[PDB]
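Only one chain comes next, encoded as structure tokens, the form deposited in one PDB entry.
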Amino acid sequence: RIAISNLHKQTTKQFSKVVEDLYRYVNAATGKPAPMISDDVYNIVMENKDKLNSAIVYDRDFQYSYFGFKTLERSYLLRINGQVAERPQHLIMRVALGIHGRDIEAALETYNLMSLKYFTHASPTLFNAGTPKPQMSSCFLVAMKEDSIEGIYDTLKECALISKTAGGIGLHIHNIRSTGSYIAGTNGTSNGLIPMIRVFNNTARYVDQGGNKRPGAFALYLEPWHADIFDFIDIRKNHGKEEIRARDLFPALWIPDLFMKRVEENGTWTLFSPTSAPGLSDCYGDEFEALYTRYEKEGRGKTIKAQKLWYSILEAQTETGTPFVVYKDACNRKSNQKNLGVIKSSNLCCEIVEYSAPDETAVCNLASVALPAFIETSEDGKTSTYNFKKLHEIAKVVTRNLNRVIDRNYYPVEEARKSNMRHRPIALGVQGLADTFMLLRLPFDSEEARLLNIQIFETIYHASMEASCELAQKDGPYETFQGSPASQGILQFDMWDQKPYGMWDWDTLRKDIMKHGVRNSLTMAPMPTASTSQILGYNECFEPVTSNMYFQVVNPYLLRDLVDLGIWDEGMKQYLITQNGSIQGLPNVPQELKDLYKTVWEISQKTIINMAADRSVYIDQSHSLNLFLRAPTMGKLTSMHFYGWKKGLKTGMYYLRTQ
């Protein structure tokens, strides 16, 4: 396209010369040298400039589309005086070196694979890899340090320092005393969560993310037994008094099984202040219900009808798409981190399931694989297959990549460095799942698509466990590996009490893990892929298309097919805008197409949850299950929560999107 050509004109070609430009950069308005490459990476480039410059293939800048490329210019490529200095290949090459340091062999391998669009790293890595303050992490899981003004304000300092750089914040607050609680040393009473949430909201608005044009935003995690619960869930509502809302933060429920049983049973639910019911957040499952029932019998709390709370939550979600729902017990029963203690929250997108404490703030580095790039016709005729062997091969590269990032990362706070060097959690993901199904001509809700889902995820989990095992053989297991499920030979699907699909040799892998350990406590956590999917030009994530339309450019695979059937007139172009990206109830479109290009609003949510359930058994962590409802009703939303809850899911619902 024109835009790519215009870049090639207004930019230097030689990579080493672009690295010089950037590294030598000086802020003209200030006189301060503002270098955009690190000493480490600069020196690496200059001692390998012939090898490097010649490896860059500039054709590959035409691998991107208009919406893809303009994302890169608008925010990703490095700038010298507002003007763009990096080419897409330069960004990628910088990222490759930034990850691999002196391993030029690996650097070239990452480069090739990235430039060919096999995979990509999360935005923080793209921004910061190769730069002086290389903060490459997306996820921070932060413990509320203690139920005190000192505790709260230390915690608040930590969130600001973290927000100063890339990456969002999951913050759990189950230990802050609710409204009206006693405070020793004064006749004053506690004001509870809301005024304190307003303070975190304010810090959110003040500290811009990486200096970006972002929404800076935290997700907050609370257990539905907390006496401040009704207000907490209403935090994003559009009306009411401004003093009781916090519109830049996201409420998330950390829900124990007992809450759900009691709702299903139409029973009673009791609410506590954590000062009156200590320990509730530091246990789960059976131990939680022993302790909760006891406090409930001891008059320590306020009982109401479970369904009163339930109904209130369903209101908040229908209006605002929040609170998110994550099942505390499913998260804890099935974490490879359970040997560390009780997991108390997830992250900003409900995918990370990691342990966190006042002195240990969980971190995660993210990368995603492009599923469509492993499709080939490779048979004979024209029937396309999916190359699972290249997928396995590539997911071992991404695992080794993300494992290097841990060591080369700048950590905003000491709690993060302590946490990551100990457990070394890692987070692989996917994009282009819908595209894959479409290219292989499989309706999202087919028995074939169902089988492909499982196979894809079985191979990614196996690959990652294998690479991580090979890494353990080189560097030793991670510090806390002794006593872990993995050390006892218990993998993820085992914690779901299921045999794996069996496309790979799990016996040999398990044997080796028990012998040598693994480098990473966790490996898999499919994330929302918001901006990175636009860069590669794929559908987000593992969801299906939201519409076939989306200055409005129609689905490429649908368009191809409408032209092939020679029915693409103006009648199609208008009925598509009219029905906003739906092709059902169109008189002249074949049934195979209507089944293939069903929009997410037309696929059943039981099918969506089934596939989440199915693939979930190969997920160390969790995944961001977005839910979509056409004509929403209380009962309709109720049976989705309970359905996924019974399916054993960790993340029951990320966002709820409507009409």
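Note that the rigid core is defined as the largest set of C-alphas that superpose within 1.5 Å between two forms. Numbering starts at 1 and runs along the sequence shown. Only residues modelled in both forms are compared.
There is another form of the same protein, the form solved in complex with a partner chain; it is not shown, and what comes next is about it.
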One residue of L596, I56, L629, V41 in contact with the partner chain, assessed in the deposited bound form (non-hydrogen atom, 4.5 angstroms): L629
Options 602-610, 615-623, 47-55, 586-594; stretch whose heavy atom lies within 4.5 Å of the partner chain in the deposited bound form: 602-610
The partner chain contact in the deposited bound form: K13, any heavy atom under 4.5 Å: no
Touches the partner chain in the deposited bound form: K636 (any heavy atom, 4.5 Å): yes
Conformational change between the shown form and the other one, one of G185, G381, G502, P587, C-alpha moving 2 Å or more after core fit: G381
Shared-residue segments moving between the shown form and the other one, Cα shift 2 Å or more over 3+ consecutive positions, core-fitted: 378-382
